[PDB]
Every structure is written in C-alpha cells, then in structure tokens.
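Examining the three-dimensional arrangement
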Amino acid sequence: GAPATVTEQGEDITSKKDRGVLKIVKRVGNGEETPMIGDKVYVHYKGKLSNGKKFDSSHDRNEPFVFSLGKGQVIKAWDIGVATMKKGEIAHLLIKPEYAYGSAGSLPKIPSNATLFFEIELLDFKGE
Ligand SMILES: COc1ccc(CC[C@@H](OC(=O)[C@@H]2CCCCN2C(=O)[C@H](c2cc(OC)c(OC)c(OC)c2)c2ccc(Cl)s2)c2cccc(OCC(=O)O)c2)cc1OC
C-alpha cells in the first residue's frame, strides 16, 4: 500500500531524525521555491489512520485547505512536511503520533497514539 512505500522509501524530514514524519514525492512540483514560516499555504489533501477506517478528504479537490505555515495552525507533521513542498507537488506523509495527536489523540476522530497517512497537494503559497 501507499504507507508501505513511504516506510521503505520515504525520507525522514524530522530534525530529531526519529522517522516521525516520512515523506515520498508522488508528483514533482514546479520551480525550486517552497514556503517560509508565516506564508499562507493552499492545499488539497486526504488522510487516514494507518490501521484504521477513519478517513478524511474534506479538502479533496473540493475547497482548498488554507493555513499559515509554522504558526501551529496544524499538527507539527504538517508544519514540517508542507514546508518542504514545491507548488504543484503532491506527496505522501507517514506520521508517528508524536508529530500528530500523541497519546491524547483527538477523540472520537483520532485515537490515542495514532499513526497517520496523508496525501497532500500544495496548490499555492503567499507571503503573510
Ligand atoms: C498545532 O497543533 C494543532 C493544530 C490544530 C489542531 C486541530 C486539528 C488540525 O488537524 C490537522 O492538523 C491535520 C492536518 C491538516 C488537515 C487536518 N488534519 C487532520 O488530522 C484531519 C482532521 C482532523 C480533525 O479533527 C482532529 C478535523 O476536525 C475539524 C478535520 O476537519 C477537516 C480534519 C484528520 C481527521 C482524521 C484523520 Cl485520519 S486526519 C486541524 C484541523 C482542521 C483545520 C486546521 O487548520 C485550518 C483551519 O483551522 O481552517 C487544523 C490540533 C493540533 O494539535 C493536535
């Protein structure tokens, strides 16, 4: 499956290099630039628990998911992961709970200690 590939071939983009966020590029984006902290970012995404029938696709080619990068508007894994993406890039992330919802989780949506899988398209990014 897609998680499997990321495990085996994903690059660990954490700082602590603890394999807490593994990334694969599925489609290469355009030019070289990627977003700075405080850039407003526009993405499509979908996600699932790795071992779970929770799935999320609210922003799956419907409306863009927008947030401001590294302001903590999202889980650490996204502040980390999306920061690395070019405009037009699509990527898979596999995410240990420590870079997501941790032992607390986010009941009932996310259980305690969840690993998450996301497929993210970076549509665009703008200076705050
Ligand atoms: C900095 O730490 C956090 C920041 C934000 C939160 C809330 C969860 C936070 O969720 C996320 O960080 C991740 C990555 C971005 C996509 C949404 N995320 C999710 O995990 C997904 C999510 C989770 C949701 O509830 C947890 C959620 O509820 C509204 C949601 O709505 C669309 C989507 C998932 C649900 C089930 C999965 Cl399985 S994955 C969040 C949810 C919705 C929007 C959002 O930002 C944009 C906006 O508000 O419009 C931020 C928890 C945080 O810590 C746990």
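Relevant structure appears above.
All of the points below concern the structure found in this document.

Focus on the overall build of the chain
Summing up its helical and strand segments, the chain has two helices and seven strands in all. For 128 residues, the compact-globule estimate of 2.2 N^0.38 gives 14 Å, and the chain sits close to it at 14 Å. In the chain, 63% of the contacts between residues at least 6 apart in sequence involve partners at least 24 apart.

Description of the environment of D12
Structurally, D12 can be placed in strand β1 (residues 11–12). With 10 residues separating them along the chain, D12 and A2 place their C-alpha atoms 16 Å apart. Setting aside its immediate chain neighbours within four residues, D12 contacts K17, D18, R19, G20, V21 and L22. Side-chain polar atoms of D12 contact the backbone nitrogen of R19, separated by 2.7 Å.

Some details on the packing of aromatic side chains
Their ring planes at 65 degrees and their centres at 5.6 Å tell us that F65 and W78 sit as a pair that is edge-to-face. Residue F65 is located in strand β5 (residues 65–68), and its partner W78 is located in helix α2 (residues 76–81); the two are separated by 13 residues in the primary sequence. A connected cluster of aromatic rings, assembled from ring pairs, spans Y45, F65, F67, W78 and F118.

Thoughts on the side chain of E89
Among the secondary structure elements, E89 is positioned in the loop between α2 and β6 (90–95). A distance of 2.6 Å separates polar atoms of two side chains, one belonging to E89 and the other to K23. Excluding anything up to four places from it in sequence, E89 contacts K23, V25, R27, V28, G29, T84, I120, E121 and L122.

A word on the pairing of β6
Consecutive residues of a regular strand have side chains that alternate between opposite faces of the sheet. The sheet contact formed by strand β2 (residues 21–27) and β6 spans six bridges and is antiparallel. Bridge assignment links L22 to a residue of β6, and that residue is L94. Of the pairings in the sheet, the one linking β6 to strand β7 (residues 116–126) comprises six bridges and is antiparallel in character. Of the residues in β7, the one forming a bridge with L93 is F118.

Comments concerning the environment of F65
When the C-alpha atoms of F65 and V41 are compared, they prove to be 8.0 Å apart, with 24 residues separating the residues in sequence. Setting aside residues no more than four positions away along its own chain, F65 makes contact with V41, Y42, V43, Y45, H59, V74 and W78.

Comments concerning unusual backbone geometry
Omega for the bond connecting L107 with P108 falls within 30 degrees of zero, at 0 degrees, which places this linkage in the cis form. Mapped onto the elements, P108 comes out in the loop between β6 and β7. Backbone geometry places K17, a non-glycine residue, at a positive phi of 50 degrees. Relative to the assigned elements, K17 resides in the loop between β1 and β2. Phi at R19 is positive, roughly 50 degrees, even though this residue is not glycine. Assignment of secondary structure puts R19 in the loop between β1 and β2.

The rules behind the values
As a numbering rule, every chain is indexed from 1 in the order its sequence is written, which need not reproduce the entry's residue numbers; residues that lack coordinates are not presented. Side-chain figures throughout are based on the complete set of non-hydrogen atoms in the structure, without hydrogens or water. Residues with missing side-chain atoms are left out of burial classes, side-chain pairs and their counts. Only runs of H or I of at least four residues qualify as helices and only runs of E of at least two qualify as strands under DSSP, and these elements are numbered from the N terminus. Computation of the radius of gyration draws on C-alpha atoms alone. For the globule rule, the value is 2.2 Å times the number of residues to the power 0.38. Two residues qualify as a contact provided that any one of their heavy atoms is within 4.5 Å of a heavy atom in the partner residue. Here a polar contact means two N or O atoms within 3.5 Å. Within protein one must be a hydrogen donor candidate and the other an acceptor candidate, and residues neighboring in sequence count only if both atoms are side-chain atoms. When two rings of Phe, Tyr or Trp (its six-membered ring) have centres within 6.5 Å they constitute a pair, described as stacked for plane angles under 30 degrees, edge-to-face for angles over 60, and tilted for the intermediate range. One bridge is not enough; two strands pair if DSSP finds at least two bridges between them.

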